[PDB]
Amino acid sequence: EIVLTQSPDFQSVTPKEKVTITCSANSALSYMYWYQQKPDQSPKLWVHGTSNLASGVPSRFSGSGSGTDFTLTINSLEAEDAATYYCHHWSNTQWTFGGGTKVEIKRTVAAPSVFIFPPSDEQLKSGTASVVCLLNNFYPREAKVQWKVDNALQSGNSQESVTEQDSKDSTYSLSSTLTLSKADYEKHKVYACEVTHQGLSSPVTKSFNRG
């Protein structure tokens, strides 16, 4: 039932480099279409007729394909080109989209700046305590945050978030939030956040003493 499989799901590219996005099919099909979508926006038509660029699309983009395999190529990648690209085809009598290929910028390694925030007295009086650890402006996305209350490793009581790649310096930021009850919080003193990241030559710990 004509299924469009896009490979890869994720790709990081240094600027000025070439990147090829594949949208493979199960059957031989024609008249492929492509779209560019950036966060918090609708997709923009990019290629139609399998090789014709939509108006305003720079010529470094190239659409192509035949039979079962179709490709979208960026020949000299630029910062603005970072986005999720989708393929689109009509098999009677429905449209179908590809999974999507997210393209991100590749930059030099950058270590995170780590900060730890104790819970607010206002939140404590409500019965809950959120302890926040901030990893700021680092590349690549991969990092290991670790929580230790009075040197006891914490497990399962924390959640993480990662920002989209910054448009100006291409760095990421991460937040790790440790959540415990006011009762559990007050049974312990030392609250430590330990970070491991490629840009660090050894782990870095930020901690505070409750009070």
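Numbers for residues come from their place in the sequence shown, where the first is 1.
**Student:** Look up the CA B-factors in the entry and say which stretch, 123-131 or 82-90, has the higher mean.
**Tutor:** It is 123-131 that shows the higher mean C-alpha B-factor.
**Student:** Would you determine, from the values in the PDB entry, which of 150-158 and 45-53 has the greater average C-alpha temperature factor?
**Tutor:** Taking the mean C-alpha B-factor of 45-53 and of 150-158, the larger value falls to 150-158.
**Student:** Return the residue from 36, 179, 163, 170 that has the highest Cα B-factor in the entry.
**Tutor:** Out of 36, 179, 163, 170, the record gives the largest C-alpha B-factor to 170.
**Student:** Against its chain's modelled residues, does residue 183's Cα B factor rank lowest, middle or highest third?
**Tutor:** Top third by C-alpha B-factor.
**Student:** What third of its chain, lowest, middle or highest, does the C-alpha temperature factor of residue 109 fall into?
**Tutor:** According to the entry, residue 109 has a C-alpha B-factor in the chain's middle third.
**Student:** With respect to C-alpha B-factor, does residue 189 fall in the lowest, middle or highest third of the chain as deposited?
**Tutor:** According to the entry, residue 189 has a C-alpha B-factor in the chain's highest third.
**Student:** Determine, from the deposited record, the chain-internal third of the Cα B-factor for residue 20: lowest, middle or highest.
**Tutor:** Middle third, going by the recorded CA B-factors of the chain.
**Student:** Determine, from the deposited record, the chain-internal third of the Cα B-factor for residue 175: lowest, middle or highest.
**Tutor:** Answer is lowest: the recorded C-alpha B-factor places it there.
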